[PDB]
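Below is one structure, written out as structure tokens; comments come after it.
Chain naming here is simple, since letters A, B, ... match the order of the sequence lines and numbering starts at 1 in each. The basis for the numbers below is simple: all heavy atoms, side chains too, and nothing from hydrogens, waters or symmetry mates.
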Amino acid sequence: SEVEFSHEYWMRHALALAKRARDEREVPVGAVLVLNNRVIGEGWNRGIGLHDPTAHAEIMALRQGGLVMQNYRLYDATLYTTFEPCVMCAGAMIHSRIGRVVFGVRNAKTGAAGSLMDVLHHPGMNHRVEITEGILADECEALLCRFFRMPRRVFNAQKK
Amino acid sequence: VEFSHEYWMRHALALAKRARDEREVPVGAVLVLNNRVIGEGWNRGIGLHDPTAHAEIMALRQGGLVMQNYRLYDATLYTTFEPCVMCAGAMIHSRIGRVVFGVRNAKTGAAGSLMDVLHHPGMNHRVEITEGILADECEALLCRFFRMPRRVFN
DNA sequence: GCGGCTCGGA
DNA sequence: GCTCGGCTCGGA
Ligand SMILES: [Zn+2]
Ligand SMILES: [Zn+2]
């Protein structure tokens, strides 16, 4: 029962952007930055095509959010991403000072929001970013499993 | 290989003065691959409305365009300031070979100070670290920006 | 040594 | 794994 402007509502737009990365032969990850139930930034992985090692879905949304906000600080915003953020994106989330990150499926190998580490809730950091996970995880995992050529029942098998 | 660390750090300090002229954090970075400059950068986050426009990110982005590849193997990144969590993570994704910074970020540094994400176990890539290159001149720029005495920083 | 310190929500 | 390798792009 997904209501408009719910976590699943925004995650489905983020999943629609992940299909764009899939069509572009990239890692099928999409991201949507939401502030007061309004989209201020969208993005998907374009690193291979743009020759940008930082062109992850979360970065493309944060850069767009800063332009839309005319401010490199994006307080009280919520970032939706289909994949658990890496160290790069989680570190960028701290600098933009967003309010929460909502991701779908986990990166059990190198995830930096609970999996390999938790840089967002690291002690000593200038800002703490709240974490919500599991939103449409089955649909986010299906996209990446087909990209990485893996059956779904092996992606994060220890959590199942 | 060819040039010395102080040679390239002198170039990175020149770029940090450009960020200083732009009323930004005076941090500059130069990306070197096979003793040739493939990327330059300085902090431009306030002017570009970019939360990621750190010196290292702008230098790495430029390197990816020059190399037409989002992977920048065997390159060495020079920066006047210890990389943050965001910038250190970008070096892992770019798969650079070494990061050389001058002064340390004792508060939130992610290359030895607050943490070491470059040498974290479990990561796909390990980035070597060299520090202290022209540390006095890198610290002077940030101390004057942060309005702090030199004998307090670190 | 403006406030309080690694941009001003450091 | 109506079987590409080896698994969280192919230097995963
Ligand atoms: Zn990322
Ligand atoms: Zn940085």
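With a negative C1'-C2'-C3'-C4' torsion, the sugar ring of D:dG1 falls in the south range.
Remark: P of C:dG4 and CZ of B:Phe145 are 18 Å apart, rounded to the nearest angstrom. Distance, B:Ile92 CD1 to D:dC9 P: 13 Å, rounded to whole Å. Atom pair A:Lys160:NZ and D:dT8:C1' shows a separation of 12 Å (rounding to whole Å applied). Distance, B:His125 NE2 to D:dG10 P: 13 Å, rounded to whole Å. As a whole-Å value, the separation of B:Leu114 CG from C:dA10 P is 15 Å. As a whole-Å value, the separation of B:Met123 CE from D:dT8 P is 14 Å. What separates NZ of A:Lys109 from P of D:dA12 is a distance of 7 Å, to the nearest Å. We find that CG of B:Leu141 is positioned 18 Å from P of C:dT6, with the value rounded to whole Å.
Between A:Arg153 and D:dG1 there is a side-chain N or O to OP1 or OP2 distance below 4.0 Å. Checking the phosphate oxygens (OP1, OP2) of C:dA10, no side-chain nitrogen or oxygen of A:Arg73 falls inside 4.0 Å. Look at B:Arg150 and you won't find any side-chain N or O under 4.0 angstrom from OP1 or OP2 of C:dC5.
With C:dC5, D:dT8, D:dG10 as the choices, the nucleotide that has an atom nearest any side-chain atom of B:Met148 turns out to be C:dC5. In the set D:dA12, D:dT8, D:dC9, the nucleotide with an atom closest to the side chain of A:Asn107 is D:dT8. Distances were taken from every side-chain heavy atom of B:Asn154 (C-beta onward) to each of C:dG1, C:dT6, C:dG8; the shortest belongs to C:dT6.
Between A:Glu26 and A:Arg46 no salt bridge is recorded (no basic side-chain N to carboxylate O distance below 4.0 Å). B:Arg10 has no carboxylate O lying under 4.0 Å from a charged side-chain N of B:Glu137, or vice versa, which leaves the two without a salt bridge. Under a 4.0 Å N-O distance rule, the pair A:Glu42/A:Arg20 does not qualify as a salt bridge.
Put simply, B:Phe146 does not rest on the base of C:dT6: the two rings are not both less than 5.5 Å apart at their centres and under 30° in tilt.
Projected onto DNA chain D by closest heavy-atom contact, B:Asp74 and A:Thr110 fall at different nucleotides, the more 5' of which corresponds to A:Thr110. Mapping A:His95 and A:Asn126 onto DNA chain C by nearest heavy atom places A:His95 at the nucleotide closer to the 5' end.
For the segment residues 21-56 of chain A, the set of residues with a heavy atom within less than 4.0 Å of an atom of DNA chain C is empty.
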Q) Stepwise, does the side chain to side chain contact (heavy atoms under 4.5 Å, CB included) test hold for B:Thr108 with B:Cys84? A) CA-CA 7 Å; B:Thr108 56; B:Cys84 63; over 6 Å; no
Q: Starting from the C-alpha separation in whole Å, work towards a yes-or-no answer on side chain to side chain contact (heavy atoms under 4.5 Å, CB included) for B:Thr80 and B:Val103.
A: CA-CA 6 Å; B:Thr80 69; B:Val103 81; over 6 Å; no
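One N or O donor and one acceptor, one from the side chain of B:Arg147 and one from the base of C:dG3, sit under 3.5 Å apart.
Separating the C1' atom of D:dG5 from that of D:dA12 is a span of 11 Å, rounded to the nearest Å.
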Q) Reading DNA chain D 5' to 3', what string of ( ), [ ], | and . shows its pairs, if Watson-Crick and G-U wobble pairs count only when both distances fall under 3.5 Å? A) (..[[.).]]..
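A:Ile94 places none of its side-chain heavy atoms less than 4.5 Å from the side chain of B:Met86. Counting heavy atoms from C-beta on, the side chains of B:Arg95 and B:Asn124 come closer than 4.5 Å. Considering only heavy atoms from C-beta on, A:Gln64 stays 4.5 Å or farther from A:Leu33 through its side chain.
Other residues, nucleotides and ligands place no more than 12 heavy atoms under 6.0 Å from the CE atom of B:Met67. Atom CG of A:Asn36 sits in a sparse spot, with 12 or fewer heavy atoms from other residues, nucleotides or ligands closer than 6.0 Å.
A:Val105 comes within contact range of no nucleotide atom at all, as no heavy-atom separation falls under 4.0 Å.
No side-chain N or O of A:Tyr72 forms a donor-acceptor pair with one of A:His95 less than 3.5 Å apart.
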